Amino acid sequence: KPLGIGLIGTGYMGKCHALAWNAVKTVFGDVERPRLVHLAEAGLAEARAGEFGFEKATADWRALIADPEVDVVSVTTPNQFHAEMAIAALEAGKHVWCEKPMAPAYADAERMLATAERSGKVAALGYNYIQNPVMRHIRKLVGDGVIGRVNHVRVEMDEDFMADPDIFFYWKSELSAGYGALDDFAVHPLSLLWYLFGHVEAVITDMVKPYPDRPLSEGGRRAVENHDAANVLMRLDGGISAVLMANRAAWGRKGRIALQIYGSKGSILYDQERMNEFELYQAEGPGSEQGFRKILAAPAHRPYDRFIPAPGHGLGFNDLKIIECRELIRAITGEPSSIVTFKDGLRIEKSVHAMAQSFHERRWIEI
């Protein structure tokens, strides 16, 4: 049967799921038109309902989750709500596509997994960077020993939306809503290390609060509780030595994720800000013609082919949500997929909590 979609939340991530569900089939072709049934948010739900192309609206989400025409729930609400909703969804016997993270506290996340395992439907997280075709091609080259045995790995995630110290204090500075850089940014690069290598094993963290306080929109000032920057030395699966840097106050970085991989027979460079390329170095051939090759995303780097039949033309950030949507449908029928499950996400969040502890206790921490 064609899949019946319930979406909760309509902020950017809601829009992006919606665009994804509305497009998988036309792009990919090998599945059943999803049907956009129910949507939740004030009764602006009826307004957005028009925009995104959903049959029903409501401002009760437990009702969406109740609705028997919905098979799949897209949770894209704020962090605090994920646990509550994903669980009510699972319990009501449905599949879950949930935005990162799972929950800000480990035992909540535990509960989410316990449910899901116990549940019957699948449960995925929106770690979309993973789905870039360039990135699947990176995994393949690495897997195939193209650069030999990976010794060292560097990974940077930077933006500058906290750089300006005069923006009003909001939830992204409350410890109880997240650690900061770690919660918000580090999970992506770890999701990448996961996809490519595996989980993290020991960590030690230095963290930065660049600004002691920030104005309140209703007057006065509040202490920043959180950390907008984190630098982590690590060890992954297989004893690979890795450095992670995440920074939310990095002026002039917009959407940067920079990944450098070093092996005994070569190297790889990648940078999200030029999403559609990567650079590959092979210690292979005449020495006077060695160097990194700049390789442009092409139909051979599947599934770029489903989007465009010409190389070097480019996918966009939203294109990555469509592929993730596709892979979610694979799971539903698994069918082998490349998704991140609550099982692996929880494990990822385990590494996050370790990093914070790692900083407060000022010591290496094993996991």
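Residue numbers run from 1 along the displayed sequence.
> According to the PDB entry, how many deposited residues between residue 327 and residue 328 are absent from the model (none, 1 to 3, 4 to 9, 10 or more)?
Gap between residue 327 and residue 328: none.
> Regarding 244-252 and 201-209, which shows the higher C-alpha temperature factor on average in the entry?
Result: 201-209.
> In the PDB record, does 256-264 or 176-184 carry the higher mean Cα temperature factor?
Averaging CA B-factors over each stretch, the winner is 176-184.
> Based on what the PDB entry reports, which of 300, 322, 315, 57 has the top C-alpha B-factor?
Most elevated C-alpha B-factor of the set, per the entry: 57.
> Looking at 286, 165, 93, 143, which has the highest Cα B-factor in the entry?
Spelled out: the listed residue with the top C-alpha B-factor is 93.
> Ranked by Cα temperature factor within the chain, is residue 161 in the lowest third, the middle third or the highest third?
CA B-factor rank for residue 161: lowest third.
> What third of its chain's C-alpha B-factors does residue 111 belong to: lowest, middle or highest?
CA B-factor rank for residue 111: highest third.
> So where's residue 234 on the chain's Cα temperature factor ranking, which third?
Within its chain, residue 234 is a middle-third residue by C-alpha B-factor, going by the deposited values.
> Where does the C-alpha B-factor of residue 78 rank in its chain, lowest, middle or highest third?
Residue 78: CA B-factor falls in the highest third of its chain.
> Split the chain's modelled residues into thirds by Cα B-factor; is residue 118 in the lowest, middle or highest one?
Its C-alpha B-factor belongs to the highest third of this chain's values.
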